[PDB]
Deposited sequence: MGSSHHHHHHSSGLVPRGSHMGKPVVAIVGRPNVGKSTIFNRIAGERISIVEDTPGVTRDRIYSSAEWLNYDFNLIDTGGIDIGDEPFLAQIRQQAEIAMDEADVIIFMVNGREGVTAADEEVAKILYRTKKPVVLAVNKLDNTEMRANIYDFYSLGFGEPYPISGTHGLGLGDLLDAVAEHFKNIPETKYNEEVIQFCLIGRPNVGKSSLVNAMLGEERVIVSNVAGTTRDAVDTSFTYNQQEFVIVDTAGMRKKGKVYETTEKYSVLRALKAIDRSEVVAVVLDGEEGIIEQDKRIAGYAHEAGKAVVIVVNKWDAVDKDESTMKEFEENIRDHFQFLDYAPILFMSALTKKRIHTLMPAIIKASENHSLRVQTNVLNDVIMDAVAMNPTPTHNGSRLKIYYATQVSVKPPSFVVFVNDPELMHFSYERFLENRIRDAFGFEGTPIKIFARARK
């Protein structure tokens, strides 16, 4: 079922590698017999920059996974950087392949680990194809246009999720559209989809006789979303079940916004809001990046703040940083906070780059990864946040030799 395209400037060796393909499906090719993997290929044959652009465009729309190819003998070229600069506009997985041949500043292209390959005898192909196949189980069951922002609202039953969605969808800036498990709409003319509103529209038809299926349904909604709105009940406060879904959204690397509903019903004061906020921070210690919003679906108070926060969390989730700035910020962290020694060896940081988006992920090339301690990693994380923002999203840092 899965579809794969190969993209790159001309003369990097795409034809040799492509020619992994068996027989044409009458365009689309099936994978050859020797491959222990099951997928289809899409051809992209059919001034210099605009004719490269056509290929990448088609690949981005149809392919589930994209192999980005460069030439090892040339190194990274501006032409490669341009193809890179197009491929940034997709949320579909890209895997980088270095042909003809060392593997240092291909990380600069910003797609992570470069997989070296030769086409004469197919050296490196196993590793490449394993890397591509790993993405197959994360392919969207339901497919939307690239522009659409997908988010979910999850929480415990009777926290007012349905009320919130109806309160949100009844605003002047919103236009509701017209696979009716999801709700489509625009807000300030941007397209959005709320994942799994069917499970939210379930009651009235069905008695929910146990939470265990609701929770598993919510985990699946999360898998499909870029932003997760975790809704807490203002009246009752945080109980133990709240933590599970939220931890899952965090571990899955999704953008998160915390929403406290039913704020109309708490006995307010300036102190009451700040106490509830710090209580969230104590119970949800892994969601420090997540903004907290107080609103009432009932009386419509501060409902207008929800969509701007989803947009912003979504923007930061997809943010791609410049390498020179990134390395300046990390060297500024090392200068303000000298690295801890380890018996007799000090951590040295050579170079940093971004390896992916959604969530933002960074690789730091070091001496030895073991000397990079959890606490110092957290320190780098915080320094990265102060320089770039990143509100609403987790970020990942990995040290590599």
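Peer 1: Hey, which stretches of the deposited sequence didn't make it into the model?
Peer 2: Those stretches are 1-22, 42, 50-60, 81-86, 142-148, 226-231, 455-456, listed in order.
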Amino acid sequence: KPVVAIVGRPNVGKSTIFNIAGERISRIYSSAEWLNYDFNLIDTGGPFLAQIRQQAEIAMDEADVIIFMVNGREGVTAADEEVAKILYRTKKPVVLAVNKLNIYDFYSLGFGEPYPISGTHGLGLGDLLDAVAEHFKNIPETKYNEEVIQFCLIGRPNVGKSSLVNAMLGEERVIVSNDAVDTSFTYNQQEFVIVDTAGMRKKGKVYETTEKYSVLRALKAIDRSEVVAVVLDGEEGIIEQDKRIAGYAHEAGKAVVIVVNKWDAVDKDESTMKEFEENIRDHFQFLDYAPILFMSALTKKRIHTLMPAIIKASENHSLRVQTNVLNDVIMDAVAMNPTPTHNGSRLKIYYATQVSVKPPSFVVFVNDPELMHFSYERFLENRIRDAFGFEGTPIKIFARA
From here on, numbers count along this sequence of modelled residues.
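Definition used throughout: the rigid core is the maximal C-alpha set that superposes within 1.5 Å between two forms.
Peer 1: So if we fit everything on the core, which stretch drifts more in 5 other deposited structures of this protein, 225-233 or 270-278, C-alphas only?
Peer 2: Farther on average in 5 other deposited structures of this protein: 270-278.
Peer 1: Is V95 missing in a third or more of the other PDB entries that were compared?
Peer 2: Other entries vs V95: none skip it.
Peer 1: What stretch has the higher average Cα B-factor here, 284-292 or 311-319?
Peer 2: Comparing averages over the C-alpha atoms only gives 284-292.
Peer 1: Can you tell me whether 195-203 has a higher mean C-alpha B factor than 298-306 in this record, or the other way round?
Peer 2: Of 298-306 and 195-203, the stretch with the higher C-alpha B-factor average is 195-203.
Peer 1: Please pick out which of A78, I330, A131, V256 has the largest Cα B-factor as recorded in the entry.
Peer 2: Largest recorded C-alpha B-factor: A78.
Peer 1: Just to confirm, going by the entry's C-alpha B-factors, which of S345, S375, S356, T353 comes out highest?
Peer 2: Each of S345, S375, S356, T353 was compared by C-alpha B-factor; the highest is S345.
Peer 1: Ranking the modelled residues of this chain by C-alpha B-factor as given in the entry, is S214 in the lowest, middle or highest third?
Peer 2: For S214, the deposited C-alpha B-factor lands in the lowest third.
Peer 1: What third of the chain, by the recorded C-alpha B-factor, contains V363?
Peer 2: Ranked within chain, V363 CA B lands in the lowest tercile.
Peer 1: Relative to the other modelled residues of the same chain, rank the CA B-factor of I67 and answer lowest, middle or highest third.
Peer 2: Tercile = lowest for this residue's CA B-factor.
Peer 1: Among all modelled residues of this chain, ranked by Cα B factor, put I25 in the bottom, middle or top third, i.e. lowest, middle or highest.
Peer 2: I25: CA B-factor falls in the highest third of its chain.
Peer 1: Select lowest, middle or highest to describe the third in which the CA B-factor of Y104 falls within its chain in this entry.
Peer 2: For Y104, whose C-alpha B-factor we compare with every modelled residue in the chain, the answer is the highest third.
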